Structure formats: structure tokens, C-alpha cells
Amino acid sequence: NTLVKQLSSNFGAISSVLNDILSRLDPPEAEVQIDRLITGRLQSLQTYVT
Amino acid sequence: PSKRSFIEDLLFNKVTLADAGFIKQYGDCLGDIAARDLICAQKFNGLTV
Amino acid sequence: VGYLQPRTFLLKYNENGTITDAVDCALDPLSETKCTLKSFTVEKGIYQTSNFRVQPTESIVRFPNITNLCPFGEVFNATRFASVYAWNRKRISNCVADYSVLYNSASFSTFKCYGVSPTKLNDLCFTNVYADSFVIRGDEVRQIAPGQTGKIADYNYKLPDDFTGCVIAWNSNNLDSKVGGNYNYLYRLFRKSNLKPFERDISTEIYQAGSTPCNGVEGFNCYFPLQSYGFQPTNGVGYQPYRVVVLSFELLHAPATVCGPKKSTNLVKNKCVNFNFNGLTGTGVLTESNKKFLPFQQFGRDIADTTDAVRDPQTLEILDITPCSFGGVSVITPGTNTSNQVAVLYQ
Amino acid sequence: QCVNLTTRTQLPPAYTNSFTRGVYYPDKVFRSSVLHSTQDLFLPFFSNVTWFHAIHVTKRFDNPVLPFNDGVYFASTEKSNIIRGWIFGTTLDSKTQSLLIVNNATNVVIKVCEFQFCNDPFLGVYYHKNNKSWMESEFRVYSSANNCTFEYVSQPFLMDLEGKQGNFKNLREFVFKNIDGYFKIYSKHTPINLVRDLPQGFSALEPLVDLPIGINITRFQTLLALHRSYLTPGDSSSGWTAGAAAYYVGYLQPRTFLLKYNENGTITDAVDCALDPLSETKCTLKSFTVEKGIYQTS
Amino acid sequence: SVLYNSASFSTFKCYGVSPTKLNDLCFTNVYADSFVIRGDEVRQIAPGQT
Ligand SMILES: *[C@@H]1O[C@H](CO)[C@@H](O[C@@H]2O[C@H](CO)[C@@H](O)[C@H](O)[C@H]2NC(C)=O)[C@H](O)[C@H]1NC(C)=O
Ligand SMILES: *[C@@H]1O[C@H](CO)[C@@H](O[C@@H]2O[C@H](CO)[C@@H](O)[C@H](O)[C@H]2NC(C)=O)[C@H](O)[C@H]1NC(C)=O
Ligand SMILES: *[C@@H]1O[C@H](CO)[C@@H](O[C@@H]2O[C@H](CO)[C@@H](O)[C@H](O)[C@H]2NC(C)=O)[C@H](O)[C@H]1NC(C)=O
Ligand SMILES: *[C@@H]1O[C@H](CO)[C@@H](O[C@@H]2O[C@H](CO)[C@@H](O)[C@H](O)[C@H]2NC(C)=O)[C@H](O)[C@H]1NC(C)=O
Ligand SMILES: *[C@@H]1O[C@H](CO)[C@@H](O[C@@H]2O[C@H](CO)[C@@H](O)[C@H](O)[C@H]2NC(C)=O)[C@H](O)[C@H]1NC(C)=O
Ligand SMILES: *[C@@H]1O[C@H](CO)[C@@H](O)[C@H](O)[C@H]1NC(C)=O
Ligand SMILES: *[C@@H]1O[C@H](CO)[C@@H](O)[C@H](O)[C@H]1NC(C)=O
Ligand SMILES: *[C@@H]1O[C@H](CO)[C@@H](O)[C@H](O)[C@H]1NC(C)=O
Ligand SMILES: *[C@@H]1O[C@H](CO)[C@@H](O)[C@H](O)[C@H]1NC(C)=O
Ligand SMILES: *[C@@H]1O[C@H](CO)[C@@H](O)[C@H](O)[C@H]1NC(C)=O
């Protein structure tokens, strides 16, 4: 349940919702926000597995 | 039905598993039931038991 | 003749550099385990592959019923603009934002958008739209931006640090220059403190530069705060007049009414479909909902913060949204060395 | 014309306690069956609010000019529509711009102009004995209003205006904020049956309006109404009774709250996370129930 | 602010500091460099230019 709850973190991005970012932003500017979210969520999975 | 002793039956009723059974169908939680029941919220995000 | 699709392949290079074999990673679960193990040989066992995935069939768009065009003609083509100190603010609502009608009559030297990409404007719906209008000197146009200094950005007009909207500016020497000199436009030069964002100060009190109070007499070190621009046809480009419009709005949180040009389709239910609701795009299955929204809200969000309910902008009915990819899969193989026959378990 | 009211007894100010009052919906997203934390400008729990009367018996027609620090929680216990509106501004003397929100007998009027407000603004209701009827006679708020930037007038209605005799029957709660040129108003109306003291309970306020005024508010003043009849003999400055009413003022601070949403989407409970260490452990555990033990707080 | 009522600058850009913080800072080893160029070449007065 903690893994499910940690999906609402921005990790320093404009929003935590991918669909919100993908609309209102074009690919070159959406890529940096998506990259921040990807790094944060990989870290959450790593902590869980350890 | 279960060939369990009396004491084993008493012991098995004192620990409550999070989910009984491993077949939760897609049609079982469609719409409101999703995101309310915790198992379906887990399963819509790739987390399986 | 055959037709190509976007796929992932696992290619094999021998010791001479030629591709001698390949695996199509999405043909079979067996091929998927080959792709994951990064080998062409699989040993006997049971492997987890991937959750069962469903691809969408249709695409739907649902925008509100709007017929009128936005007032581009009394915003960008007004006969008289305001002074920068007493700048003008106008509400905009209930209109289609088809801005290509400006192409054949208007040319803008400056057009910059904050918080949104200019290529997405055609697919969005806008909340609480306002237009601010004034006239400034050309040199000062660089000051209409967040986090700027200078007399315009300190005493006359201030933008927030977190600003969503667009700034548009064009040269208007033909309209606002008079051969004698145009002194209708004014600006503030002296102020005790800087302005707050979106604040308007229109007072005319004698400014006290030093000690020895003025008693509103305008003496030595006691000034009249407002001063006039001198606009003449023969000025340098830096000193020529510029007309400025600032558009301010909000996106994807509350019910909207402007909603740029895009045609709506029919509502289809109980199928996985790409969807666009008031500019918010996604994929999933739409079902009837028992939730009751209060009149001021448009979207519903769950614990993970993703949107799971939406009010329909046409029929005003609440709909639930569900993902269409669910369920675990496993593959049982006796070994690729022995055979290619496999079994599949759907959990 | 402006008239300075006389014959009003001066009394020391009174204070009371706010029992988990002043909660509003922070945003416009529907949520259900969830505990949600949010940081915003709230009225702290169990605070110390100021109390003002309009009780004839002393007269005590209170209408002071009050500060507007970071936003105001305003509560009103009424039975006869005495509290009629507010004026917000900095100097209130036609050198600066001010905001008027008034409810006259027929319309709701919101104006942003350069007003020369009266020193003692009020509204006047007159009562006729020969035919029993209460009608609005006086509007003594400002002398002149010159440069008006924003104006709004509502659709016509008829208000009651009749003087009542029972105990207080209506609680009206408002929250006022001023951020980035927007004046934000939240409100809620509630039926009550009490005589004194702001009551207990919980009720979240809903968004009401968001005005783009763009002015520098620093102070504010409440607009009340008067009753005149044949039993109020005198000139303008002395022939007036009061009519019972009470109002309470508190000031908002930036706080973190833990709000509770039931299965219908309404906020039914809240925790002020910085009141007590116990509340802080409630906030950390994200629950309203704490089991027996020892907890590290901060 | 004594420059406001007599001078107008077409270009003013600050590196390593925000223009809104200039009023609250103290400055070490201040130098001013002066020259005259053609208008087209103004874009070249910036780090990493050719
Ligand atoms: C809003 O108005 C207030 C009141 O006029 C301003 O605050 C005063 O500022 C002067 C000097 O600028 C001080 O001497 C006073 O002590 C201040 N009064 C208070 C109550 O703080 C305030 O500066 C104005 N806001 C802006 C952005 O100019
Ligand atoms: C009500 O009383 C106030 C005083 O509190 C009067 O206001 C004064 O008016 C005189 C004459 O115009 C001025 O010299 C003072 O400076 C004012 N005082 C303040 C504090 O503003 C007001 O005139 C009275 N109302 C009347 C007489 O109708
Ligand atoms: C609520 O606030 C008032 C005003 O600050 C408090 O009244 C003060 O109380 C202290 C201690 O009793 C006195 O020394 C002050 O003189 C009081 N001030 C005034 C203006 O009377 C009051 O104590 C606070 N708490 C409650 C419960 O009313
Ligand atoms: C309450 O205020 C409104 C707004 O000022 C008043 O309505 C105006 O009344 C004048 C006088 O007849 C008209 O000329 C305006 O056209 C009205 N404005 C409207 C209708 O929008 C209203 O009369 C006031 N009511 C009372 C009882 O004073
Ligand atoms: C605020 O009001 C003042 C006073 O009415 C305005 O100043 C006058 O405006 C008229 C209208 O053109 C002029 O004829 C006068 O010469 C102005 N000055 C004086 C001393 O009367 C002022 O323009 C208004 N402010 C705004 C922003 O409209
Ligand atoms: C690779 O090149 C060598 C040398 O030319 C050749 O003998 C061999 O047959 C080629 N192919 C493979 C698979 O090694
Ligand atoms: C703007 O107004 C002028 C005034 O007649 C008109 O000639 C011109 O065509 C207008 N441009 C538009 C509406 O784009
Ligand atoms: C919009 O259109 C739909 C269908 O065309 C209609 O049912 C509805 O009443 C219209 N108006 C609103 C406000 O939804
Ligand atoms: C009777 O009532 C009407 C309206 O309520 C009022 O205008 C009138 O003045 C009243 N009669 C007298 C004598 O005042
Ligand atoms: C919620 O809504 C239902 C249906 O309208 C109602 O029966 C119930 O009393 C409401 N309140 C709670 C706390 O469930």
C-alpha cells in the first residue's frame, strides 16, 4: 500500500499525472518532466525490493 | 472438509489473511469498486501476489 | 507486398559483423521471454511475462456546445488603448478560440506563452480568461515578463512568478503617433514601494522626494508622479509606441467555457477508447457512475492522484474511468532445446 | 449626507473561543473516502475571536474599523438581517481605491471606486405604526464615488426586513482572502437555535466568488442597519434603536490541516497538525485514532 | 532608480544573479567596461559566442 500511495509525488515536476503533462506540453518540453517522474518511481521500486 | 484437528481449526481462525483466494477477475472490480478496494488498486499498477 | 509496423527486435551479430538472426519480441510469450533473457535459448521452467494488455479501438472528443467566435475584433483592433498606469482588464467567456482569423490582418512582433506549448492551444479548453491592454514605449517591451525590473515592472504593471498565459505585442506607430506629438499616454515615475502582482495604482499625490513635507504644493524635491510620453512619427524604433495584450487563463482543473476549435464525436461506453474531455486526454473504459458532484467541480481524483471520474460537458452526467490493462500471465516451457511447444497460465 | 450617531454606551471588548470553525474546501477536485493533507491559510483551532454586539436593552451599536491582516473569518448570528455588508480599503478617504459589498433591500451591489466614506456608515429601516410595514429609508455610506473600475449589480429581490422576537436563528460564515489581485470569498449558511456564544460543530465553507479587483486592502468595516419608529423620539443623531445581532471576527494563518472526506465527498472532520504534539502524531500516522505508546514527534 | 527618468536601455541582462535581488546585495570588485559597436553585433556580447 505504501508503493501505491507513493505515486502522488511530483519529484520536482510540474505535476504527478502523466496525462496532465502530455496534454498542454509538446514532446521536447514534456520529456524532462517525464524523466523526473521516471527517476523517482524507479527509486521507489528499488527501495521496496531492498 | 479440511482434515484439520480441532486446535488447528482454532489457530487458523486467529490469523486473518489480507485476501482469500487468488482469482480476482477484471469484471469483479470495474468502475466504483476499483480504487476503493485495495487489492484492485494494487493490481491496476502491476503489483501481483 | 507487406506493410511495416513499429516493433522491437532482438538482432544477432556474428564475429564478422553481419546480422544472422533476429527475434520479434512481441509475437509470442515465448519470444517475449527470449527477449527478456536476451538469449535465443530458454531452459525448462515457468516464467512471468507481462500483464495482459488491451489496445484501444476508437477515439472520442467531448467539448461543450459553443457557437460564437471570440471577440478578436474589439481586443486586438480597438480604436483607443489605455495608459499603462490605468491598464484595462476584460473578461472573455463563451466563445470559440479560433485564432487563425488573425492571420490575414495582424502581424505581431512579440508572442510568448508561459505554462503551455503554442502547438497545444488548439486542443485545450480555457478557464477564467482575461485580457489586459495597454500601450508602452518599444524599449520597455522586454519588461513584460516574470521576474523583471525597471520602472514599468516596478511602478506600473507586475506579473506573477507563476504565470500561465501569453504576452502579445505589436508596433502601432501609424495609430498612436501625431505630427505635433501625442501626449495622451501617461506613466508613473515615482513610487514609495514596488507594486504587487496584478495591482493597479491610479492615485495622483505629490511625491515627497526628501524631508520637508510638500503639503501638495509641488516644490523643490516634491514631484507630480505621472509623466507623459511624447510620441512622434520620427522617433527611433526604441521610442515608438507598442500595443500590448496579456492573456491570462487556467488549464484542466475547473469547468471551462472557451474551448478552442475542435469537433466533438459521439460518446461510446464499455470499450477501451482514447478520449479527450475538455482538453484532458487519456485512454480507458467509460461507465455510468453513482457519484454526485457539487456544481463547481469537473474532475474526480483517487488516492494515487489520477483522474477516475469526469462530468460530461454535453449531457452533464458523471462517468467513471477504468484502465483496460489488467491480469498476470506466465509461460511454461520444457526448454527450447527440447521443443517449441509451450503452455500459458492466466492468473 | 453623513450623521454621527450619539447616545451609545462604551463597553470593554469581549472575546470567545472558536471550536474547530472556519474550514473551507481548498480546491475544486472531487474526492471521496480519503484523508488528505493540505497547507493553506486557515483559522487555527481553538483560537480567540473577538465578539461584537448590536443590543439595545446601552445601545452598543458596534462598528469599529478593523485590521485585515492576511484574510478574515467572519461569523454572524442573526434573526433580523442587521449585518448588511462591508467596506474594504486602505485609507477610505478618496485618495485611494476601496471596495464596497452591500446588500440593499432590493439588490446586491459590488463596486470598486474612490469613495469618500462617512465616518459612521449605516443603513436605515423605518417602521410605520398605522400600517404595519418595515421599509428601507436611509443609505448613509459615502458622500461621493468618482473613478469606478469594477461594478456589479444583482437581479432584484424582495427582502423581509421584519423585526423578530425569538432567539437567533441564522448563522452565516464567510472567509475573505486577497491574493494576486483576486478577492476570494467562501461562505456557508446554517440554521441554528441559540441565544449567545458562537456554537460548537463542524461545517466546511464552499467557494462563492473570485473578484478581479486589483487593490491594496489593509482595513475593513462592517455595515449594519438601524430601526426607527414612533418610539425613537429625537433628531437624526439620537432617534434610533438597534435590533439584536452579533458577529465574530478571527484572523487566518498559514497552517497544515488533515481533512477527512466521507463516501459522499463532503469534509466531515479535520485535524490542525500544529496545535498539539498529540495532533502532530495524528497527522504523522495519518489517522484520527492513536494507539497506546510513546512516539517521537519533532 | 536615478537612471529611470533619463535613460532607456534596449538590452539589460544579468548573469549569476536575479535582477530583483540587486537592491538587497553588496558587491565586491566592481568594474565597468565601455565600448561602441554596430547594432547587429550586440547579440555577440554573451558567454560562448562566435
Ligand atoms: C498597501 O498599503 C499599506 C498602507 O498604506 C502600505 O503599508 C505602509 O507602507 C508605508 C511605506 O510604504 C509604511 O510607512 C507603513 O507603515 C505601512 N503600513 C502598514 C500597515 O504596513 C503598503 O506598502 C501598501 N502595499 C504596497 C504593495 O505598496
Ligand atoms: C463626525 O465626526 C468627525 C470627527 O470624528 C468629523 O470629521 C471631522 O471634520 C472636520 C471638519 O470637516 C475636520 O476638520 C476633521 O479633520 C474631521 N475629523 C476626522 C477624524 O476626519 C465629521 O465632520 C463629523 N460629521 C459631521 C459633522 O457630519
Ligand atoms: C483573548 O484575547 C484577549 C485580548 O488579547 C485577551 O485579553 C487579555 O488577557 C490578558 C490576560 O488575562 C490581560 O493581561 C490583557 O489585559 C487582556 N487584554 C485586553 C484587551 O483585555 C484574552 O485573555 C484572550 N483569551 C481569552 C480566553 O479571552
Ligand atoms: C439598491 O441598489 C441598486 C443599485 O444601485 C439600485 O438600483 C438602481 O436604482 C436607480 C434609481 O432608480 C436606477 O436608476 C438604476 O438603474 C438601478 N440599477 C439597477 C436596477 O441595476 C436600487 O434602487 C437600490 N435599492 C434601494 C431600495 O435603494
Ligand atoms: C480619476 O478622477 C479624476 C477626477 O475626476 C480624473 O482627473 C480628471 O479627469 C478629467 C477627465 O478627462 C480631466 O478632464 C481632468 O483634467 C482630470 N484632472 C482633474 C484635476 O480634474 C482622473 O482622470 C481619473 N483617473 C482615471 C484613471 O480615470
Ligand atoms: C567470417 O569471416 C571469415 C573470414 O573471412 C570466414 O572464414 C567465415 O566463414 C565468415 N563467417 C563466419 C560465420 O565466421
Ligand atoms: C480593424 O478595423 C479596421 C477599421 O475599419 C478595419 O478596416 C480592419 O479590417 C479591421 N481588421 C480586422 C477586423 O481584422
Ligand atoms: C448541448 O448539446 C446537447 C446535445 O446536443 C444537449 O443535450 C444539451 O442540452 C446542450 N446544452 C448543454 C448546456 O449541455
Ligand atoms: C402604508 O404602507 C406603504 C407601503 O408599505 C407605505 O408606502 C405608506 O407610507 C404606509 N402608510 C403611511 C401612512 O405611511
Ligand atoms: C451519503 O449519501 C447517502 C445517499 O444520498 C445518504 O443516505 C447518506 O446519509 C449520506 N451520508 C453519509 C454519511 O453516508
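Since chain D takes its numbers from Swiss-Prot, the residues it shows come out as 14-70, 76-316.
Heads up, the Cβ atoms here are built off N, Cα and C, so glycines get one too.
When you check Swiss-Prot, the disulphide partner of D:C15 from the set D:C131, D:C136 turns out to be D:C136. In the structure shown, across all protein chains, D:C301 is the one of the disulfide-bonded residues D:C15, D:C301 with the greatest number of other Cβ atoms within 10 Å. Looking at D:142-164, D:173-185, D:280-301, the range that has the most CB pairs within less than 8 A of the region 'Disordered' (D:246-262) turns out to be D:142-164.
Chain C comes close to D:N165, D:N282, taken from the recorded positions D:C15, D:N165, D:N282 by a C-beta to C-beta distance under 8 angstroms. Listed in sequence order, the recorded positions near D:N165 (N-linked glycosylation site) (C-alpha within 10 Å of its C-alpha) are D:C131, out of D:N61, D:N122, D:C131, D:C301. Taking D:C15, D:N122, D:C166, D:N234, D:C301 as the recorded positions under consideration, the smallest Cα distance to D:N282 (N-linked glycosylation site) is found for D:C301. When secondary structure is read from DSSP and collapsed to three states, D:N149 (N-linked glycosylation site) falls in the coil class. Of all the Cβ atoms in the protein chains shown, 12 others lie within 10 Å of the Cβ of D:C166 (disulfide bond).
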